[PDB]
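Pasted below: work-v5.cif, mmCIF, C-alpha atoms and all ligand atoms.
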data_query
loop_
_atom_site.label_atom_id
_atom_site.label_comp_id
_atom_site.auth_asym_id
_atom_site.auth_seq_id
_atom_site.Cartn_x
_atom_site.Cartn_y
_atom_site.Cartn_z
CA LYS A 10 134.75 -10.81 44.95
CA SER A 11 135.12 -14.43 43.81
CA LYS A 12 137.49 -15.19 40.96
CA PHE A 13 134.64 -17.28 39.51
CA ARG A 14 131.65 -15.95 37.51
CA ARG A 15 130.05 -19.39 37.29
CA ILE A 16 130.67 -22.85 38.74
CA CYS A 17 129.36 -25.89 36.95
CA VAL A 18 127.90 -28.25 39.54
CA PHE A 19 127.39 -31.92 38.72
CA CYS A 20 125.24 -33.89 41.15
CA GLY A 21 122.61 -36.52 41.82
CA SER A 22 119.39 -36.28 39.82
CA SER A 23 118.24 -38.56 42.61
CA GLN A 24 117.76 -37.14 46.11
CA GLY A 25 119.49 -40.03 47.81
CA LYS A 26 118.35 -41.74 51.02
CA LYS A 27 120.05 -39.30 53.37
CA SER A 28 118.80 -35.82 54.20
CA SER A 29 122.46 -35.06 54.96
CA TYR A 30 123.27 -34.99 51.22
CA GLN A 31 120.15 -32.94 50.56
CA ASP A 32 121.21 -30.29 53.09
CA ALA A 33 124.68 -30.14 51.47
CA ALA A 34 123.19 -29.33 48.05
CA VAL A 35 121.13 -26.52 49.60
CA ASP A 36 124.14 -25.18 51.48
CA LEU A 37 126.30 -25.26 48.33
CA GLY A 38 123.61 -23.25 46.56
CA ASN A 39 123.59 -20.65 49.38
CA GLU A 40 127.39 -20.53 49.26
CA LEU A 41 127.28 -19.56 45.58
CA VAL A 42 124.55 -16.98 46.28
CA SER A 43 126.55 -15.42 49.11
CA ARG A 44 129.83 -15.39 47.22
CA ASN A 45 128.01 -13.84 44.28
CA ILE A 46 128.69 -16.75 41.92
CA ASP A 47 126.11 -17.97 39.38
CA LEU A 48 125.25 -21.65 38.78
CA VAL A 49 125.81 -23.80 35.69
CA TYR A 50 124.16 -27.25 35.85
CA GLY A 51 122.63 -30.19 33.98
CA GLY A 52 119.06 -28.93 34.23
CA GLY A 53 115.80 -30.23 35.61
CA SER A 54 114.06 -30.09 38.96
CA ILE A 55 114.70 -33.57 40.31
CA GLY A 56 117.13 -34.70 43.00
CA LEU A 57 119.94 -32.82 44.69
CA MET A 58 119.93 -31.14 41.28
CA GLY A 59 116.62 -29.38 41.96
CA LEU A 60 117.60 -28.23 45.46
CA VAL A 61 120.87 -26.48 44.59
CA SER A 62 119.45 -25.05 41.32
CA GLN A 63 116.33 -23.83 43.16
CA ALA A 64 118.45 -22.64 46.12
CA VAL A 65 120.61 -20.57 43.76
CA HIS A 66 117.59 -19.24 41.89
CA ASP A 67 115.62 -18.45 45.06
CA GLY A 68 118.61 -16.55 46.35
CA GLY A 69 118.46 -14.30 43.31
CA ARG A 70 121.45 -15.58 41.39
CA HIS A 71 121.51 -16.60 37.73
CA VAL A 72 121.10 -20.25 36.86
CA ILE A 73 121.87 -21.90 33.52
CA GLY A 74 120.80 -25.49 32.84
CA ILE A 75 122.23 -27.19 29.74
CA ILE A 76 120.27 -30.19 28.54
CA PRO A 77 120.61 -32.75 25.71
CA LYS A 78 118.27 -33.23 22.68
CA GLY A 87 111.12 -32.04 35.30
CA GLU A 88 111.52 -28.32 34.56
CA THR A 89 114.79 -26.40 34.46
CA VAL A 90 114.87 -23.16 36.45
CA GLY A 91 116.66 -20.09 35.10
CA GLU A 92 118.15 -19.90 31.61
CA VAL A 93 117.75 -23.22 29.80
CA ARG A 94 119.99 -24.40 26.99
CA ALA A 95 119.11 -27.38 24.82
CA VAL A 96 122.01 -28.79 22.86
CA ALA A 97 122.54 -31.50 20.26
CA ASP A 98 123.46 -34.45 22.45
CA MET A 99 125.16 -35.43 25.70
CA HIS A 100 128.56 -34.73 24.17
CA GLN A 101 127.52 -31.19 23.24
CA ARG A 102 125.99 -30.92 26.72
CA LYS A 103 129.26 -31.66 28.45
CA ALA A 104 130.96 -29.54 25.83
CA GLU A 105 128.73 -26.52 26.53
CA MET A 106 128.59 -26.82 30.31
CA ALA A 107 132.36 -26.99 30.41
CA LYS A 108 132.78 -24.16 27.93
CA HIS A 109 130.88 -21.67 30.11
CA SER A 110 131.97 -22.34 33.67
CA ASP A 111 135.06 -21.32 35.69
CA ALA A 112 135.28 -24.41 37.84
CA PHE A 113 133.58 -27.71 38.33
CA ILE A 114 132.29 -29.15 41.57
CA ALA A 115 130.60 -32.52 42.04
CA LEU A 116 128.16 -33.30 44.88
CA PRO A 117 127.36 -36.94 45.71
CA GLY A 118 125.78 -38.45 42.57
CA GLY A 119 125.67 -41.61 40.47
CA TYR A 120 127.20 -42.71 37.14
CA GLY A 121 126.15 -39.42 35.55
CA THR A 122 128.17 -37.08 37.73
CA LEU A 123 131.12 -39.53 37.83
CA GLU A 124 131.70 -39.61 34.05
CA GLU A 125 131.25 -35.83 33.60
CA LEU A 126 133.41 -35.18 36.65
CA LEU A 127 136.04 -37.51 35.17
CA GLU A 128 136.12 -36.15 31.59
CA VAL A 129 136.63 -32.70 32.97
CA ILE A 130 139.43 -34.00 35.24
CA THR A 131 140.99 -35.73 32.24
CA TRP A 132 140.64 -32.45 30.31
CA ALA A 133 142.37 -30.50 33.13
CA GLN A 134 145.09 -33.18 33.12
CA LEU A 135 145.54 -33.00 29.36
CA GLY A 136 145.85 -29.23 29.34
CA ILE A 137 142.48 -28.54 27.68
CA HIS A 138 141.49 -26.30 30.62
CA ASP A 139 142.88 -25.42 34.05
CA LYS A 140 139.70 -24.74 35.94
CA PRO A 141 139.68 -26.05 39.55
CA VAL A 142 137.75 -29.24 40.30
CA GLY A 143 136.18 -30.12 43.64
CA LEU A 144 134.43 -32.94 45.49
CA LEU A 145 131.94 -32.25 48.28
CA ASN A 146 132.53 -35.52 50.11
CA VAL A 147 129.71 -35.47 52.69
CA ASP A 148 129.38 -38.33 55.21
CA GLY A 149 132.17 -40.13 53.36
CA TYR A 150 130.10 -40.71 50.19
CA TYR A 151 133.09 -40.40 47.86
CA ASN A 152 135.54 -42.20 50.11
CA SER A 153 136.34 -45.25 47.91
CA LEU A 154 136.32 -43.49 44.55
CA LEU A 155 138.74 -41.27 46.42
CA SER A 156 140.88 -44.25 47.42
CA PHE A 157 140.66 -45.79 43.95
CA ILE A 158 142.31 -42.63 42.54
CA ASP A 159 145.02 -43.26 45.12
CA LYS A 160 145.18 -46.92 43.98
CA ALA A 161 145.59 -45.32 40.58
CA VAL A 162 148.33 -42.92 41.87
CA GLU A 163 150.16 -45.85 43.51
CA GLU A 164 150.22 -48.43 40.65
CA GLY A 165 151.59 -45.95 38.11
CA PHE A 166 148.62 -44.72 36.03
CA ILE A 167 148.04 -41.26 37.59
CA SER A 168 150.88 -38.91 38.60
CA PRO A 169 150.99 -37.41 42.14
CA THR A 170 150.68 -34.01 40.44
CA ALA A 171 147.53 -34.92 38.42
CA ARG A 172 146.01 -36.50 41.59
CA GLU A 173 146.04 -32.96 43.04
CA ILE A 174 143.58 -31.88 40.33
CA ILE A 175 140.96 -33.34 42.73
CA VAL A 176 140.16 -30.92 45.55
CA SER A 177 138.01 -32.30 48.34
CA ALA A 178 136.24 -31.18 51.51
CA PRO A 179 133.37 -32.31 53.74
CA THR A 180 131.25 -29.16 53.57
CA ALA A 181 130.29 -26.68 50.90
CA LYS A 182 131.66 -23.71 52.83
CA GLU A 183 135.13 -25.18 53.28
CA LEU A 184 134.99 -26.87 49.90
CA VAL A 185 134.69 -23.55 48.04
CA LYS A 186 137.26 -22.05 50.38
CA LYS A 187 139.86 -24.40 48.81
CA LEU A 188 138.96 -23.85 45.12
CA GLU A 189 139.33 -20.09 45.54
CA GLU A 190 142.73 -20.84 47.16
CA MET B 8 133.84 -75.21 17.70
CA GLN B 9 133.11 -71.84 19.35
CA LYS B 10 131.86 -68.45 18.10
CA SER B 11 131.53 -65.23 20.08
CA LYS B 12 128.62 -62.88 19.61
CA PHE B 13 131.04 -59.94 19.20
CA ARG B 14 132.19 -58.52 15.87
CA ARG B 15 134.56 -56.22 17.68
CA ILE B 16 135.10 -54.99 21.26
CA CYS B 17 136.48 -51.60 22.31
CA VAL B 18 139.52 -51.50 24.65
CA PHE B 19 140.49 -48.50 26.84
CA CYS B 20 143.57 -48.39 29.14
CA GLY B 21 146.62 -46.95 30.92
CA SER B 22 149.00 -44.72 28.96
CA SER B 23 151.56 -46.45 31.22
CA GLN B 24 152.11 -50.19 31.57
CA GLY B 25 151.55 -50.31 35.32
CA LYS B 26 154.15 -51.16 37.96
CA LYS B 27 153.24 -54.86 38.08
CA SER B 28 153.94 -57.19 35.16
CA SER B 29 150.63 -58.83 36.10
CA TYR B 30 148.94 -55.89 34.36
CA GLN B 31 151.01 -56.28 31.21
CA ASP B 32 150.17 -60.01 31.08
CA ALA B 33 146.47 -59.15 31.36
CA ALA B 34 146.65 -56.84 28.35
CA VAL B 35 148.47 -59.55 26.36
CA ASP B 36 146.02 -62.28 27.40
CA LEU B 37 143.08 -60.03 26.57
CA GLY B 38 144.21 -59.56 22.99
CA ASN B 39 144.92 -63.26 22.67
CA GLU B 40 141.38 -63.88 23.99
CA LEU B 41 139.77 -61.67 21.30
CA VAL B 42 141.89 -63.40 18.63
CA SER B 43 141.03 -66.84 20.03
CA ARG B 44 137.40 -65.77 19.72
CA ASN B 45 137.77 -64.18 16.27
CA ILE B 46 136.94 -60.78 17.73
CA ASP B 47 138.72 -57.76 16.24
CA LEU B 48 139.80 -54.66 18.26
CA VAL B 49 138.45 -51.13 18.59
CA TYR B 50 140.98 -49.12 20.62
CA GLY B 51 142.66 -45.73 20.82
CA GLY B 52 145.75 -45.69 18.64
CA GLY B 53 149.18 -45.68 20.26
CA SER B 54 152.11 -48.03 20.89
CA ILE B 55 152.82 -47.19 24.55
CA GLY B 56 151.39 -48.51 27.82
CA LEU B 57 148.84 -51.30 27.97
CA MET B 58 147.09 -50.07 24.78
CA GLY B 59 150.17 -51.17 22.82
CA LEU B 60 150.27 -54.62 24.45
CA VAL B 61 146.63 -55.44 23.67
CA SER B 62 146.53 -53.98 20.15
CA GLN B 63 149.78 -55.60 19.01
CA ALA B 64 148.71 -58.89 20.60
CA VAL B 65 145.53 -58.77 18.46
CA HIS B 66 147.53 -57.75 15.37
CA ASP B 67 150.07 -60.56 15.75
CA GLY B 68 147.16 -62.94 16.19
CA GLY B 69 145.97 -61.90 12.73
CA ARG B 70 142.78 -60.03 13.67
CA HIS B 71 141.66 -56.58 12.63
CA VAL B 72 142.56 -53.57 14.80
CA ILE B 73 141.12 -50.05 14.47
CA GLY B 74 142.45 -47.17 16.58
CA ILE B 75 140.73 -43.77 16.50
CA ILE B 76 142.88 -40.78 17.26
CA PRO B 77 141.94 -37.08 17.57
CA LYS B 78 143.45 -35.33 14.50
CA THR B 79 144.91 -32.70 16.83
CA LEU B 80 148.14 -34.65 17.20
CA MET B 81 149.97 -36.18 14.26
CA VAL B 90 149.42 -51.97 13.47
CA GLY B 91 146.02 -52.34 11.80
CA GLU B 92 143.95 -49.36 10.60
CA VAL B 93 144.30 -45.77 11.81
CA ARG B 94 141.53 -43.12 11.88
CA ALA B 95 141.81 -39.46 12.89
CA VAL B 96 138.67 -37.53 13.85
CA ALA B 97 138.20 -33.85 14.78
CA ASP B 98 138.07 -33.87 18.58
CA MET B 99 138.10 -36.27 21.55
CA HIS B 100 134.29 -36.41 21.61
CA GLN B 101 134.06 -37.60 17.97
CA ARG B 102 136.73 -40.13 18.96
CA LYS B 103 134.58 -41.81 21.62
CA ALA B 104 131.48 -41.68 19.40
CA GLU B 105 133.18 -43.53 16.53
CA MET B 106 134.85 -46.04 18.86
CA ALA B 107 131.47 -46.65 20.52
CA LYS B 108 129.54 -46.92 17.20
CA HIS B 109 132.01 -49.34 15.59
CA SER B 110 132.12 -51.81 18.48
CA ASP B 111 129.76 -54.39 19.93
CA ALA B 112 130.89 -54.32 23.62
CA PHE B 113 133.25 -52.40 25.95
CA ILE B 114 136.01 -53.57 28.30
CA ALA B 115 138.49 -51.70 30.51
CA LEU B 116 141.99 -52.75 31.49
CA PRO B 117 143.69 -50.78 34.27
CA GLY B 118 144.17 -47.10 33.42
CA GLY B 119 143.99 -43.54 34.76
CA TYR B 120 141.50 -40.64 34.42
CA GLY B 121 140.98 -40.99 30.67
CA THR B 122 140.29 -44.75 30.77
CA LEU B 123 137.95 -44.27 33.73
CA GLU B 124 136.11 -41.43 31.90
CA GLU B 125 135.77 -43.48 28.68
CA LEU B 126 134.39 -46.28 30.80
CA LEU B 127 131.89 -44.25 32.86
CA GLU B 128 130.59 -42.62 29.70
CA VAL B 129 129.72 -45.90 27.93
CA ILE B 130 128.43 -47.39 31.20
CA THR B 131 126.25 -44.31 31.78
CA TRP B 132 124.75 -44.49 28.28
CA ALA B 133 123.79 -48.15 28.93
CA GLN B 134 122.04 -46.95 32.06
CA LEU B 135 120.00 -44.42 30.12
CA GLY B 136 119.20 -47.13 27.60
CA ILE B 137 120.92 -45.44 24.71
CA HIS B 138 122.86 -48.61 23.83
CA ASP B 139 122.80 -52.22 24.93
CA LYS B 140 126.45 -53.05 24.40
CA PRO B 141 128.02 -55.12 27.24
CA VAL B 142 130.60 -53.33 29.44
CA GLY B 143 133.29 -55.21 31.36
CA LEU B 144 136.24 -54.63 33.67
CA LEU B 145 139.41 -56.66 33.50
CA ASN B 146 140.12 -56.51 37.19
CA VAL B 147 143.90 -57.01 37.37
CA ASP B 148 144.94 -57.82 40.92
CA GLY B 149 142.00 -55.90 42.39
CA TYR B 150 142.83 -52.60 40.63
CA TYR B 151 139.14 -51.56 40.37
CA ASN B 152 138.00 -53.12 43.68
CA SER B 153 137.52 -49.71 45.33
CA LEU B 154 135.66 -48.41 42.25
CA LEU B 155 133.33 -51.42 42.51
CA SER B 156 132.88 -50.62 46.26
CA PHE B 157 132.17 -46.92 45.61
CA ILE B 158 129.41 -47.96 43.17
CA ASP B 159 128.08 -50.43 45.76
CA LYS B 160 127.80 -47.35 48.04
CA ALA B 161 126.28 -45.20 45.29
CA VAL B 162 123.67 -48.00 45.30
CA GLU B 163 123.00 -48.03 49.04
CA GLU B 164 122.51 -44.21 49.13
CA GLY B 165 119.94 -44.32 46.31
CA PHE B 166 121.84 -42.81 43.37
CA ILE B 167 122.36 -45.97 41.28
CA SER B 168 119.46 -48.42 40.85
CA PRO B 169 120.22 -51.98 42.01
CA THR B 170 119.95 -53.03 38.35
CA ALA B 171 122.12 -50.19 36.98
CA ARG B 172 124.97 -51.48 39.17
CA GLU B 173 124.73 -54.75 37.24
CA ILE B 174 125.70 -52.94 34.02
CA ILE B 175 129.35 -53.34 35.00
CA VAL B 176 130.56 -56.84 34.34
CA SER B 177 133.98 -57.78 35.78
CA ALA B 178 136.44 -60.69 36.14
CA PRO B 179 140.16 -61.22 36.94
CA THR B 180 141.17 -62.64 33.52
CA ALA B 181 140.31 -61.91 29.89
CA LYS B 182 138.71 -65.34 29.32
CA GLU B 183 136.63 -65.12 32.50
CA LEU B 184 135.57 -61.60 31.48
CA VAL B 185 134.54 -62.27 27.89
CA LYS B 186 132.41 -65.26 28.95
CA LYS B 187 130.45 -62.99 31.28
CA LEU B 188 129.96 -60.39 28.52
CA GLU B 189 128.68 -63.15 26.16
CA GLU B 190 126.17 -63.58 29.01
MG MG C 1 143.74 -23.71 38.15
#

Would you encode the structure as C-alpha cells?
Amino acid sequence: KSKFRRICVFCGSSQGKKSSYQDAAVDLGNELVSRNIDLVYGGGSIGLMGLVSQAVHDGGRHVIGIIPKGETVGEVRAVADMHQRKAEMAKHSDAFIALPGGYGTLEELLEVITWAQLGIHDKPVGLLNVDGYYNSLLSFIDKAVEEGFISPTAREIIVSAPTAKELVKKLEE
Amino acid sequence: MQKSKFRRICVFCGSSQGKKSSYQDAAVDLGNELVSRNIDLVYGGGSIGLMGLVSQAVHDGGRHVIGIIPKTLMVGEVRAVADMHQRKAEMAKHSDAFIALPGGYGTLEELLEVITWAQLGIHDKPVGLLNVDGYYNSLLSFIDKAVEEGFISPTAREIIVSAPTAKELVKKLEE
C-alpha cells in the first residue's frame, strides 16, 4: 500500500501541442488508480487537467478539485480566493507532483517547494519531465544552486523523472 | 525634469547576496534607480542578502520603504501580518509594479504568483526581471518553451519584462 492517501497534481489547463504530454497525464492518472491513491487537483475539465482527473475518476478513485471564488469531476471545493485554493490543496494532500504546465503550475509548484524548504511541510515534490519539457527550468534551479541562492540540499526537494510510473517510484522512495 | 508613473514598486530577492559582486551592485543600483525616480520601496523586511542592499539603498536615498513580515517570527516602516499569504497580498496591494532581483525558490514563487495574476487579468501592474549576468536566462528560455508547446499564450509571455540594469528595466516597465 502507498504511503500516500492523496497526491495533489498541478498541470496544464491547456492540452499542449503534443499528444506525448496528453498520454503522460492519462498514465499518471492510471498510476494513482493502480497504486490506490486518490487525486487532489485544481478542478475543471480542460487540458491535461481534464485527462488525469477524468482518468482517476474513470478508474474508480476519489477526485477532489479545489477552485477559487468547465466542470470539475468528483468532489468539488470552492474556496475564498487563489490563496485559499493553494492553501486548501496543500493542506489535504500527501505529496505534490507537477506535469508540464504554464505559469499556473509553476507558481503553485514553487510555493510548495518554498514551503518544503522553509519547514512548513515535508511532503515529497515531483516533476514529470516528459520530452524534456521542464529541462531549462530544471537548469535554472541549478543556476540557482551554483550562484549561491539555493542550497544543494534544498535542490534535492525537486524529484524528477521522464515517466509517471518511474516518477512515482521515486517519491515513494 | 522626469517623473515615473510608479508610486512604489515591490522588490523580491535572494536571502543570500550571491557569489558575484555584480549581483550586489545590481541591488544597490536598483534602489538608487527608484530613489532617482522618486519611487518608494515595497519589499520583505530583513537586513541580509540582496533585500538589505536594495532597501537600505532606498532608505539612504531618502525614500520611503515598507517591508511586510509574517508575524510568526519576531530602515523605513515595518509591518507584520498573520501568514505568508497575507504578506504577499499586502505587498501586492500596496505597490504599483513588481521587479525581481536574483533569488531562490521564494523569490521565484513571489514572482510567478504576481506574473500569473497578471495573466488572469486580476491586476495590471508591470512585472520585471533584473537579469544580473544572465541569472534568469534559462527561466526565460523555459517560458519560451512553455510558449511553443501551447501552455503560455504568445502574449502572456510578454508579461515578463526584463533588462540587465535597473535603469534599463524601469524604463521598460514605464512602457
Ligand atoms: Mg519527505

ask   = Near residue B:23, within 7 Å and counting only C-alpha atoms, which residues show up once chain neighbours fewer than 6 positions away are dropped, as an NGL selection string?
value = (:A and (165-166)) or (:B and (55-57))

task = Restrict the distance test to only C-alpha atoms, flag each residue of chain B within 6 Å of chain A, and return the flagged residues as a ChimeraX atom specification.
result = /B:21,23,25-26,118-121,124,127-128,131,153-154,157,164-167

Export of prior selection with C-alpha atoms as a PDB file, keeping the file's coordinate frame:
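File produced: part.pdb:
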ATOM      1  CA  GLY B  21     146.620 -46.950  30.920  1.00  0.00           C
ATOM      2  CA  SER B  23     151.560 -46.450  31.220  1.00  0.00           C
ATOM      3  CA  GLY B  25     151.550 -50.310  35.320  1.00  0.00           C
ATOM      4  CA  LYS B  26     154.150 -51.160  37.960  1.00  0.00           C
ATOM      5  CA  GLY B 118     144.170 -47.100  33.420  1.00  0.00           C
ATOM      6  CA  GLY B 119     143.990 -43.540  34.760  1.00  0.00           C
ATOM      7  CA  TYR B 120     141.500 -40.640  34.420  1.00  0.00           C
ATOM      8  CA  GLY B 121     140.980 -40.990  30.670  1.00  0.00           C
ATOM      9  CA  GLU B 124     136.110 -41.430  31.900  1.00  0.00           C
ATOM     10  CA  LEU B 127     131.890 -44.250  32.860  1.00  0.00           C
ATOM     11  CA  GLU B 128     130.590 -42.620  29.700  1.00  0.00           C
ATOM     12  CA  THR B 131     126.250 -44.310  31.780  1.00  0.00           C
ATOM     13  CA  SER B 153     137.520 -49.710  45.330  1.00  0.00           C
ATOM     14  CA  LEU B 154     135.660 -48.410  42.250  1.00  0.00           C
ATOM     15  CA  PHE B 157     132.170 -46.920  45.610  1.00  0.00           C
ATOM     16  CA  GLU B 164     122.510 -44.210  49.130  1.00  0.00           C
ATOM     17  CA  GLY B 165     119.940 -44.320  46.310  1.00  0.00           C
ATOM     18  CA  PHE B 166     121.840 -42.810  43.370  1.00  0.00           C
ATOM     19  CA  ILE B 167     122.360 -45.970  41.280  1.00  0.00           C
TER      20      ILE B 167
END

task = Record the distance separating atom CA of residue A:146 and atom CA of residue B:159, expressed in Å with one decimal.
result =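 A separation of 16.2 Å between them.
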
task = For stretch 69-94 of chain B, please output as an MDAnalysis selection string all residues within 8 Å (counting all atoms listed in the file; exclusion window: fewer than 5 positions along the same chain).
result = chainID B and resid 42 45:53 62:63 99 101:102 105:106

task = Using all atoms listed in the file, find the one residue out of A:140, A:174, A:67, A:184 that sits nearest to ligand MG 1 (chain C).
result = A:140

Ligand MG 1 (chain C): which residues are within 9 Å, counting all atoms listed in the file? Reply as a compact mmCIF listing (two decimals) with C-alpha atoms, in the coordinates of the input.
# COMPACT_ATOMS: atom_id res chain seq x y z
CA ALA A 112 135.28 -24.41 37.84
CA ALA A 133 142.37 -30.50 33.13
CA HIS A 138 141.49 -26.30 30.62
CA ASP A 139 142.88 -25.42 34.05
CA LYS A 140 139.70 -24.74 35.94
CA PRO A 141 139.68 -26.05 39.55
CA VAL A 142 137.75 -29.24 40.30
CA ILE A 174 143.58 -31.88 40.33
CA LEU A 188 138.96 -23.85 45.12

Please, what is the axis-aligned box for every listed atom of stretch 91-101 of chain B with 5 Å on each side, as centre and edge lengths in Å to one decimal, as lines of an AutoDock Vina configuration file?
center_x = 140.0
center_y = -43.1
center_z = 16.1
size_x = 22.0
size_y = 28.5
size_z = 21.0

request  = Show which residues sit within 7 Å of residue A:19, as number ranges by chain. Count all atoms listed in the file, and ignore same-chain residues fewer than 3 positions away.
outcome  = A: 50-51, 114-116, 122

Give me the residues of stretch 73-125 of chain B that have any atom at most 10 Å from an atom of stretch 187-190 of chain B; for each, the nearest atom pair and the distance in Å, rounded to one decimal. Use all atoms listed in the file, sort by chain and number, and format it as JSON lines.
{"residue": "B:112", "atom": "CA", "partner": "B:188", "partner_atom": "CA", "distance": 7.9}
{"residue": "B:113", "atom": "CA", "partner": "B:188", "partner_atom": "CA", "distance": 9.0}
{"residue": "B:114", "atom": "CA", "partner": "B:188", "partner_atom": "CA", "distance": 9.1}

request  = Would you list the contacts of stretch 133-144 of chain B as a VMD selection string, taking every protein, DNA or RNA residue within 8 Å and counting only C-alpha atoms, but skipping same-chain residues closer than 3 positions in sequence?
outcome  = chain B and resid 111 to 116 129 to 130 151 171 174 to 178 184 to 185 188

ask   = For residue A:143, which residue among A:18, A:75, A:108, A:63 is the nearest when counting all atoms listed in the file?
value =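 Looking at the shortest contact to residue A:143, the residue is A:18.
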
task = Rank nothing, just name the residue among B:132, B:59, B:67, B:43 nearest to residue B:11, using only C-alpha atoms.
result = B:43

remark   = re atom CA of residue B:35 and atom CA of residue B:12: distance 21.2 Å

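Relative to atom CA of residue A:49, atom CA of residue A:76 is found at 11.1 Å.
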
Reconstruct N, CA, C and O atoms of stretch 81-101 of chain B; output as a PDB file, keeping the file's coordinate frame.
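Output below, filename part37.pdb:
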ATOM      1  N   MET B  81     149.584 -35.389  15.418  1.00  0.00           N
ATOM      2  CA  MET B  81     149.970 -36.180  14.260  1.00  0.00           C
ATOM      3  C   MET B  81     149.052 -35.910  13.084  1.00  0.00           C
ATOM      4  O   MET B  81     149.485 -35.385  12.059  1.00  0.00           O
ATOM      5  N   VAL B  90     150.198 -50.767  13.759  1.00  0.00           N
ATOM      6  CA  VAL B  90     149.420 -51.970  13.470  1.00  0.00           C
ATOM      7  C   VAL B  90     147.944 -51.692  13.122  1.00  0.00           C
ATOM      8  O   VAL B  90     147.313 -50.781  13.661  1.00  0.00           O
ATOM      9  N   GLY B  91     147.408 -52.496  12.213  1.00  0.00           N
ATOM     10  CA  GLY B  91     146.020 -52.340  11.800  1.00  0.00           C
ATOM     11  C   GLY B  91     145.686 -50.922  11.342  1.00  0.00           C
ATOM     12  O   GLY B  91     146.574 -50.081  11.256  1.00  0.00           O
ATOM     13  N   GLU B  92     144.407 -50.661  11.076  1.00  0.00           N
ATOM     14  CA  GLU B  92     143.950 -49.360  10.600  1.00  0.00           C
ATOM     15  C   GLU B  92     144.163 -48.176  11.561  1.00  0.00           C
ATOM     16  O   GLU B  92     144.384 -48.343  12.769  1.00  0.00           O
ATOM     17  N   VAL B  93     144.095 -46.970  11.017  1.00  0.00           N
ATOM     18  CA  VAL B  93     144.300 -45.770  11.810  1.00  0.00           C
ATOM     19  C   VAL B  93     143.313 -44.689  11.352  1.00  0.00           C
ATOM     20  O   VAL B  93     143.306 -44.309  10.171  1.00  0.00           O
ATOM     21  N   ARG B  94     142.482 -44.184  12.264  1.00  0.00           N
ATOM     22  CA  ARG B  94     141.530 -43.120  11.880  1.00  0.00           C
ATOM     23  C   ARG B  94     141.778 -41.884  12.745  1.00  0.00           C
ATOM     24  O   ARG B  94     142.097 -42.003  13.928  1.00  0.00           O
ATOM     25  N   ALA B  95     141.639 -40.701  12.154  1.00  0.00           N
ATOM     26  CA  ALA B  95     141.810 -39.460  12.890  1.00  0.00           C
ATOM     27  C   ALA B  95     140.539 -38.617  12.751  1.00  0.00           C
ATOM     28  O   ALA B  95     140.138 -38.256  11.633  1.00  0.00           O
ATOM     29  N   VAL B  96     139.890 -38.326  13.875  1.00  0.00           N
ATOM     30  CA  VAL B  96     138.670 -37.530  13.850  1.00  0.00           C
ATOM     31  C   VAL B  96     138.931 -36.182  14.547  1.00  0.00           C
ATOM     32  O   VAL B  96     139.890 -36.036  15.322  1.00  0.00           O
ATOM     33  N   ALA B  97     138.073 -35.214  14.258  1.00  0.00           N
ATOM     34  CA  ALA B  97     138.200 -33.850  14.780  1.00  0.00           C
ATOM     35  C   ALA B  97     138.621 -33.697  16.237  1.00  0.00           C
ATOM     36  O   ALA B  97     139.733 -33.274  16.511  1.00  0.00           O
ATOM     37  N   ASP B  98     137.741 -34.033  17.170  1.00  0.00           N
ATOM     38  CA  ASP B  98     138.070 -33.870  18.580  1.00  0.00           C
ATOM     39  C   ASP B  98     137.975 -35.185  19.351  1.00  0.00           C
ATOM     40  O   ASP B  98     137.749 -36.247  18.765  1.00  0.00           O
ATOM     41  N   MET B  99     138.154 -35.099  20.666  1.00  0.00           N
ATOM     42  CA  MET B  99     138.100 -36.270  21.550  1.00  0.00           C
ATOM     43  C   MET B  99     136.670 -36.811  21.675  1.00  0.00           C
ATOM     44  O   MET B  99     136.484 -37.994  21.903  1.00  0.00           O
ATOM     45  N   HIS B 100     135.667 -35.950  21.522  1.00  0.00           N
ATOM     46  CA  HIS B 100     134.290 -36.410  21.610  1.00  0.00           C
ATOM     47  C   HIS B 100     133.925 -37.273  20.387  1.00  0.00           C
ATOM     48  O   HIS B 100     133.270 -38.300  20.523  1.00  0.00           O
ATOM     49  N   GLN B 101     134.338 -36.844  19.197  1.00  0.00           N
ATOM     50  CA  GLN B 101     134.060 -37.600  17.970  1.00  0.00           C
ATOM     51  C   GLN B 101     134.834 -38.930  18.021  1.00  0.00           C
ATOM     52  O   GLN B 101     134.476 -39.910  17.350  1.00  0.00           O
TER      53      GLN B 101
END
